[PDB]
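Below you'll find the sequence and an experimental structure to go with it.
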Amino acid sequence: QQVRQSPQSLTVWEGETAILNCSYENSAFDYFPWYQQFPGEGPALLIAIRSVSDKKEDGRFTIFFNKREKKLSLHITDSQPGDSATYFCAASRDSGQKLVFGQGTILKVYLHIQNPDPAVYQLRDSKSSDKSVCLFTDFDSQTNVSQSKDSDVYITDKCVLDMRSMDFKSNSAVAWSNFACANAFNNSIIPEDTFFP
Amino acid sequence: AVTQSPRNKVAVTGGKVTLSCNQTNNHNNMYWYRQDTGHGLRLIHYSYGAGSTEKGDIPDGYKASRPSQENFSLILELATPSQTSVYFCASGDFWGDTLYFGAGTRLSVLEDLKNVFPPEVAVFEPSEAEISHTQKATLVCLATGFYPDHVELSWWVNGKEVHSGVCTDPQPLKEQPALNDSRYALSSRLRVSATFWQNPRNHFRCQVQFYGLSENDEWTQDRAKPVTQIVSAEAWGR
């Protein structure tokens, strides 16, 4: 296809410089915009360079352009959690009017957990106490919660929440079935100091 | 501004589907893109002004119309499951450096329509151990057995919608990952202080906004109609 991007997904720790790559084939593109898309929204123009220039800086966001190698690059300095979005490299022959997009790069910026306290709690249903769920929480962002090694058992991906009344962020993942919570997250790695009440 | 309509739509195969997009920006150029995984954004049709349209990179299956400067319509006269996607409209000026997109349109072109289901919602109460260890209370909402994945989940504490202390999954998971005919599941987490949960006056409800059939769609099934609806589950402090 016309505009290629890499990688398909990129994960970075907060404060780190994230680098997104893009390459095109047509030599008649006179303008290269980068569009940012947050979940649930439409894409919005982030930063853009035209073929006559070799670079452009705009507060943490920088485009490097190599007209010879047909290569483009987006540099995001001290990446922040709010920078987690999908990034599209785009090309235009009409100064930004008729865009061909890349496949897009998905960027995830990991939070540093102040005081990790990994524990697996279990929660009963408010309506029918015969149902329950397992909750992995207060773990550091470094760990990976891989999916189930079977059906009948489901495991959500991790997510971070922010109690703004305090000053506190925490990761969390949920499992359910029909089992026990002790063997719920076996397929993933858990810190040996994980609390099992 | 750029508004699209509808924002969500369920269609049977062979049905006619029109997606309209109206623009305030007084721009001459208007566009209709679609977004799919591993393809990014792809141009379907565009327009340089009223009364004129042009074919994009993937025009096959679609027809467009620019009857007004403000309006640009994408027409699916014979809907096919291949046209299941998220459609974005956009407007731009002459040789403009930016394109102004709409919020998007979630379109599901089904065949049978008998696979459409609203979600069942359950809220699960904070564990005593968590409240006794970390001094905080995590409520977990769980929406299951719904199709298509056109939903919006939110938390409501004491009649007011909250965002702080909330995290939902980035995307629903498949209950039976084998079938693409499968229905989905979605979870969310609300986290508050142990004192707050201990308050019997406070009540918390997880609300999912399911987007399904319109009422003037033909329903031949026994079960209740899978229309667009709010499904809730609530828990009271103990």
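Sure thing, it's come through. Residues are numbered from 1 along each chain as shown, chains lettered A, B, ... in the order given.

rest of the way, CA atoms for contacts and neighbours
OK.

burial count for residue B:20?
By the criterion of other C-alpha atoms under 10 Å in any protein chain shown, residue B:20 has 20 neighbours.

Helix or strand: which one has it?
Assigned by DSSP states H and E, residue B:20 falls within strand B:17-23.

how much space between the residue positioned nearest the centre of chain B and residue B:215?
Most central in chain B under C-alpha atoms, centre = their mean is residue B:150, positioned 3.8 Å from the mean C-alpha point. Separation of residue B:150 from residue B:215 (C-alpha to C-alpha, to the nearest Å): 17 Å.

about what we covered before: which ones are touching the closest residue to the residue nearest to the centre of chain B other than its chain neighbours?
Closest residue to residue B:150 apart from its sequence neighbours, by C-alpha to C-alpha, 6 or more residues apart in numbering or on different chains: residue B:211 at 5.4 Å. Residues in contact with residue B:211 (C-alpha atoms under 8 Å, 6 or more residues apart in numbering or on different chains) are B:8-9, B:148, B:150-151, B:227-229.

pretty sure residue A:80 is touching residue A:14, no?
Yes: in terms of C-alpha atoms under 8 Å, residue A:80 counts as a neighbour of residue A:14; the distance is 5.1 Å.

one step back: do the strand holding residue B:20 and chain A meet at all?
No: Strand B:17-23 is not in contact with chain A by C-alpha under 8 Å from any C-alpha of the partner chain; minimum separation 13.6 Å.

Pairing partners for that strand, with directions?
In the sheet, strand B:17-23 lines up against strand B:2-5 (antiparallel), strand B:71-76 (antiparallel) (DSSP bridges).

Break the chain down into its structural domains.
Let's take chain A. Chain A breaks down by curated CATH domains into domains covering A:1-111, A:112-196.

wait, chain B
According to curated CATH domains, the domains of chain B span B:1-111, B:112-238.

Switch the ones you listed over to a markdown table; also include distance to residue A:159.
Formatted as a markdown table, these follow (distance: least, C-alpha to C-alpha, whole Å):
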| stretch | distance to residue A:159 |
| --- | --- |
| domain B:1-111 | 21 |
| domain B:112-238 | 6 |
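
Let me know which of the domains of chain A is tucked in deepest.
Across those, averaging neighbours per residue (mean count of other C-alpha atoms under 10 Å in any protein chain shown) puts domain A:1-111 on top, at a mean of 18.

Start and end of that domain, how far apart?
35 Å.

Is that domain in proximity to chain B?
Yes: judged by C-alpha under 8 Å from any C-alpha, domain A:1-111 comes into contact with chain B at A:33, A:40-45, A:88, A:94-97, A:99-104.

Near residue B:41, how many other residues are there?
Residue B:41, neighbours per other C-alpha under 10 Å, totals 24.

got the contact list for the residue nearest to the centre of chain B?
B:8, B:106, B:210-212.

Try it again at 10 Å.
Contact analysis of residue B:150 by C-alpha atoms under 10 Å, 6 or more residues apart in numbering or on different chains lists B:7-10, B:106-108, B:118, B:172, B:209-212, B:228.

hmm, back to that, ok, so of the contacts of residue B:211, who is nearest residue A:132?
Closest approach to residue A:132 among those (C-alpha to C-alpha): residue B:151, at 23.3 Å.

from what I can see that closest one touches residue B:170, true?
No: using C-alpha atoms under 10 Å, residue B:151 is not in contact with residue B:170, being 11.9 Å away.

who's more crowded, those two?
Set residue B:151 next to residue B:170 and count neighbours by other C-alpha under 10 Å: residue B:151 wins out with 21 against 15.

so who does the spatially closest residue to the more buried one that is not a sequence neighbour touch?
Excluding its sequence neighbours, the residue lying closest to residue B:151 (C-alpha to C-alpha, 6+ apart) is residue B:210, at 4.8 Å. Residues in contact with residue B:210, defined by C-alpha under 10 Å, 6+ apart, are B:117-119, B:146-153, B:226-231.

Quick one: list the elements packing against whichever helix or strand residue A:48 is part of.
According to DSSP H and E, residue A:48 maps onto strand A:44-50. Strand A:44-50 is packed against strand A:31-37, strand A:55-58, strand A:61-66, strand A:71-76, strand A:86-91, strand B:100-101, with contacts defined by 3 or more C-alpha pairs under 10 Å, 6 or more residues apart in numbering or on different chains; DSSP states H and E.

please redo it, this time with the cut-off set to 6 Å
Using 3 or more C-alpha pairs under 6 Å, 6 or more residues apart in numbering or on different chains; DSSP states H and E, the elements in contact with strand A:44-50 are strand A:31-37.

Put the alpha carbons of the strand it packs on into CSV.
Provided in CSV are the C-alpha atoms of strand A:31-37 (Å, rounded to 0.1, in the frame of the first residue of the first chain):
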residue,chain,number,x,y,z
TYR,A,31,2.7,17.8,2.5
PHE,A,32,2.9,15.3,5.3
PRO,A,33,0.5,15.6,8.3
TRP,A,34,0.3,13.5,11.4
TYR,A,35,-3.1,12.9,12.9
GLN,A,36,-3.9,11.9,16.5
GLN,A,37,-6.9,9.9,17.5
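
Show me the contact partners of that strand.
A:43-51, A:85-92, A:95-96 (C-alpha atoms under 6 Å, 6 or more residues apart in numbering or on different chains).

again with stretch B:124-141
So stretch B:124-141 is contacted by A:123-126, B:122-123, B:187-194, B:206 (C-alpha under 6 Å, 6+ apart).
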